[PDB]
J.: 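Sharing a structure below in structure tokens format, with a few things to ask.
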Amino acid sequence: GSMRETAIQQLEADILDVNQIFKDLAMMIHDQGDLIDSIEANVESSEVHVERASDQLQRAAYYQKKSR
Amino acid sequence: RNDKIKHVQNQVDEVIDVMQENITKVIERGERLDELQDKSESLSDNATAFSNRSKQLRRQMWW
Amino acid sequence: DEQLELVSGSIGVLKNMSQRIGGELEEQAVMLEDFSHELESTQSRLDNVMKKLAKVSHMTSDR
Amino acid sequence: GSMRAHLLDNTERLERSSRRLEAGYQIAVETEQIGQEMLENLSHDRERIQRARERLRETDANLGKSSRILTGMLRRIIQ
């Protein structure tokens, strides 16, 4: 009967739900990319600084021996 | 007709079921990213403090 | 007519995409916990390296 | 009389119901472009996380190097 009319309405309504949930998920994932930006930058910085420090330590070592 | 609605509806309800779990995962993912950002943050802070202490060590060794 | 077949197909894919998403999210969850542990490790290494440093800084300019 | 009036109602109930399966289809297909986008997005992030995990290991290689250098300095401090 018309329970095929309502059902088709629930169907489309429910299809709108998925579309919404998909947008929602996409949005969430996209916004987290800024956290990844931070993490990425933080590690980069650590890498650069640990690398810089090791070279300062080699110079420190040299000076230690260059000190008789 | 009908059924091809029912057995096409809950097909949707299924996708809704998967996605719903997915947003629970993304929320979990956001939280782990949050902790990751805080830790890579201390590392960075510490990596820099380390670099500054190494420069001092060099100057100190040269004197 | 029966374009409900066209809807059922379309949705099926969504049912496909949603799962691959959940799988990938679960895979990254593992990958993020791993990254988290490596971070903790590196922090540790930094802490031990800085202690060695502070020690050398004393062993000389305090003798 | 109002007997074909019902045949007009019943027939319009069908028309828009067909326009609800046309919309229901358009929306889904649209949703397939988002779902795909997420997959493209997640792969990209997964790549950036692996790149960072990699960069961290290199930071480790340097902490190793600094540790060895410091040990060496600790030695020469005792002459």
Side-chain angles (χ1 to χ4, degrees), chain A residues 1-34, chain B residues 1-31, chain C residues 1-29, chain D residues 1-46:
Chain A
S2 45
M3 192 178 96
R4 160 193 166 186
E5 173 179 2
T6 310
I8 281 181
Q9 200 191 303
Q10 304 172 328
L11 175 58
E12 190 204 26
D14 282 357
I15 286 181
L16 262 186
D17 270 16
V18 314
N19 183 273
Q20 186 40 49
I21 310 177
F22 269 65
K23 283 179 184 295
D24 279 358
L25 195 68
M27 165 196 88
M28 291 194 282
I29 292 179
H30 173 282
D31 292 337
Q32 291 176 349
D34 316 309
Chain B
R1 183 211 287 228
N2 184 93
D3 292 329
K4 249 48 176 290
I5 293 185
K6 181 265 205 270
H7 289 107
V8 153
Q9 174 71 66
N10 60 43
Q11 233 209 269
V12 178
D13 291 353
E14 178 194 3
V15 181
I16 295 177
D17 169 68
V18 185
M19 286 308 274
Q20 266 162 163
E21 293 321 279
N22 280 16
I23 94 110
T24 287
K25 295 189 187 171
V26 172
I27 292 175
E28 270 168 333
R29 193 176 98 132
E31 291 194 4
Chain C
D1 313 47
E2 255 235 337
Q3 50 202 327
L4 252 180
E5 191 61 40
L6 287 176
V7 157
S8 166
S10 173
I11 174 180
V13 174
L14 295 181
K15 172 188 163 294
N16 172 255
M17 286 181 187
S18 67
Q19 306 190 70
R20 292 157 53 201
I21 291 169
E24 183 54 59
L25 286 170
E26 190 45 58
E27 277 195 359
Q28 282 182 29
Chain D
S2 173
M3 199 77 145
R4 79 89 60 95
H6 172 71
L7 292 177
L8 259 168
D9 161 73
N10 187 203
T11 217
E12 80 172 13
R13 283 154 53 183
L14 264 58
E15 277 176 337
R16 45 103 84 147
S17 187
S18 184
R19 277 187 161 60
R20 276 176 166 168
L21 294 176
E22 215 169 15
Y25 171 76
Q26 189 162 177
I27 295 174
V29 170
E30 267 172 344
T31 303
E32 302 173 28
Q33 88 182 196
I34 301 184
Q36 184 71 310
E37 223 301 331
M38 277 182 271
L39 288 174
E40 161 191 359
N41 186 132
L42 291 164
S43 294
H44 206 82
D45 297 339
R46 174 191 190 102

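Lettering follows sequence order; numbering is per chain, from 1.
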J.: Take atom CZ in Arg20(C); do more than 12 heavy atoms of anything else shown fall under 6.0 Å from it?
T.: yes

J.: Measure across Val7(C) and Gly24(D) and return the closest heavy-atom pair with its distance rounded to 0.1 Å.
T.: CG2-C, 4.1 Å

J.: Is there a side-chain contact between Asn41(D) and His30(A) (heavy atoms, below 4.5 Å)?
T.: yes

J.: Between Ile29(A) and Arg29(B), is any pair of side-chain heavy atoms under 4.5 Å apart?
T.: yes

J.: Which pair of heavy atoms, one from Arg46(D) and one from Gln28(C), lies closest together, and at what distance?
T.: CB-NE2, 3.4 Å

J.: Could you go through the side chain to side chain donor-acceptor pair (under 3.5 Å) check for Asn10(B) and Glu14(B) one step at a time?
T.: CA-CA 6 Å; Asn10(B) 60 43; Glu14(B) 178 194 3; over 6 Å; no

J.: What's the spacing between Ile8(A) CD1 and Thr6(A) OG1 if we round to 0.5 Å?
T.: 9.5 Å

J.: Using every non-hydrogen atom in the two residues, find where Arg4(A) and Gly1(A) come nearest and quote the distance to one decimal.
T.: CB-O, 3.6 Å

J.: Is it true that atom CD of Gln20(A) has more than 12 heavy atoms of other residues, nucleotides or ligands lying nearer than 6.0 Å?
T.: yes

J.: Could you check whether any side-chain N or O of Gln10(A) sits under 3.5 Å from a backbone N or O of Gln9(B), counting only pairs where one atom can act as donor and the other as acceptor?
T.: no

J.: At what distance, to the nearest 0.5 angstrom, does NZ of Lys6(B) lie from CG of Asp13(B)?
T.: 10.0 Å

J.: Just so I know, are the side chains of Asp24(A) and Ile23(B) near enough to count as touching, which here means a heavy-atom distance under 4.5 Å?
T.: no

J.: Evaluate whether atom CZ of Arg1(B) has more than 12 neighbouring non-hydrogen atoms of other residues, nucleotides or ligands under 6.0 angstrom away.
T.: yes

J.: Looking at side-chain heavy atoms only, is the closest gap between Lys23(A) and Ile34(D) below 4.5 Å?
T.: yes

J.: To check you understand the geometry: which heavy-atom pair defines the closest contact between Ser2(A) and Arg13(D), and what is its length?
T.: CB-NH2, 3.6 Å

J.: Please say which of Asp17(A), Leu16(A), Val18(A) ends up in a side-chain contact (heavy atoms from CB on, under 4.5 Å) with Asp14(A).
T.: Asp17(A)

J.: Do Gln11(B) and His7(B) have side-chain heavy atoms sitting under 4.5 Å apart?
T.: no

J.: Check whether any side-chain N or O of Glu12(A) sits under 3.5 Å from a backbone N or O of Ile27(D) as a donor-acceptor pair, and report yes or no.
T.: no

J.: Tell me, with the steps shown, if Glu12(D) and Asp9(D) meet side-chain contact (heavy atoms from CB on, under 4.5 Å).
T.: CA-CA 5 Å; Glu12(D) 80 172 13; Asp9(D) 161 73; 4.0 Å; yes

J.: Using the side chain to side chain donor-acceptor pair (under 3.5 Å) rule, take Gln26(D) and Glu22(D) through it: C-alpha gap first, then chi angles, then the decisive distance, then the call.
T.: CA-CA 6 Å; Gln26(D) 189 162 177; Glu22(D) 215 169 15; over 6 Å; no

J.: If I compare all heavy atoms of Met28(A) with all of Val26(B), which pair ends up nearest, and what's the gap?
T.: CB-CG1, 3.5 Å

J.: To the closest 0.5 Å, what do you measure between CG (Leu21(D)) and CD (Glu2(C))?
T.: 10.0 Å

J.: Would you name the heavy atoms of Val15(B) and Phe22(A) that are closest together and state the gap between them?
T.: CG1-CE1, 3.9 Å

J.: May I ask you to test the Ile11(C)-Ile15(A) pair for a side-chain heavy-atom distance under 4.5 Å?
T.: no

J.: Taking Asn22(B) for the side chain and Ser18(C) for the main chain, is one N or O donor matched with an acceptor at less than 3.5 Å?
T.: yes

J.: Give, for atom CD of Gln19(C) and atom CD of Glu24(C), the distance between the pair rounded to the nearest 0.5 Å.
T.: 14.0 Å

J.: Can you check whether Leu39(D)'s main-chain N or O pairs, donor with acceptor, with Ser43(D)'s side chain at less than 3.5 Å?
T.: yes

J.: Side chains of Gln32(A) and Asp45(D): closer than 4.5 Å at any heavy-atom pair?
T.: no

J.: Regarding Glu30(D) and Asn19(A), is there a side-chain donor-to-acceptor distance under 3.5 Å anywhere?
T.: no

J.: Would you say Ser18(D)'s side chain and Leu14(D)'s backbone share a donor-acceptor pair under 3.5 angstrom?
T.: no

J.: Using only heavy-atom distances, determine whether the side chains of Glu5(A) and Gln9(A) contain a donor-acceptor pair under 3.5 Å.
T.: no

J.: Out of curiosity, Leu25(C) CG to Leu25(A) CG, how far, rounded to the nearest 0.5 Å?
T.: 6.5 Å

J.: Any heavy-atom pair between the side chains of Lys4(B) and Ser8(C) that's under 4.5 Å?
T.: no

J.: Roughly how far, to the nearest 0.5 Å, is CD of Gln36(D) from CE of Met17(C)?
T.: 4.5 Å

